[PDB]
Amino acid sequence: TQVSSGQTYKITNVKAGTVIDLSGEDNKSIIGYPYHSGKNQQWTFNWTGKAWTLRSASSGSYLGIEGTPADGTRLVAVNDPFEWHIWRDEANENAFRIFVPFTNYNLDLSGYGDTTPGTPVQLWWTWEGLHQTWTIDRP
């Protein structure tokens, strides 16, 4: 399936198999969680003209970040559209990396893709670890 502006997707960690999930505990924290077709596990993509924004299908908040980009920066739901660069992974072209634009920081399921439900999604410097790679497909 092709990723296209206006469409809504789930985003699955290649290492863990859990998906990017807007925590039901606080409707703010971004975690890895097993997929149950929740709307808090579905993200509406928009191409702005220069980057992607990801809108929570349940809350209407956007996938964004907790502070300035760094190793360990938490992802959180934010009010305003937050722009991402999204590229195919170089080794596995069916998967993707999601970067803060013009940085080397990409989404990373913490604990090296810890499968535990509630594992935070964070930024980390880009490297080959598969917990930084994600499939994007229909809910």
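The numbering used is simple: start at 1 and walk along the sequence shown.
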| item | value |
| --- | --- |
| Comparing 38 to 46 with 84 to 92, the one whose average Cα B-factor in the PDB entry is higher | 84 to 92 |
| Chain thirds of CA B-factor: placement of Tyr62 | middle |
| Chain-wide C-alpha B factor ranking for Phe102, given as lowest, middle or highest third | highest |
| Chain-wide C-alpha B factor ranking for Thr68, given as lowest, middle or highest third | highest |
| Entry-reported Cα temperature factor of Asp21, expressed as the chain third it lands in | lowest |
| B-factor third for the C-alpha atom of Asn79 within its chain | highest |
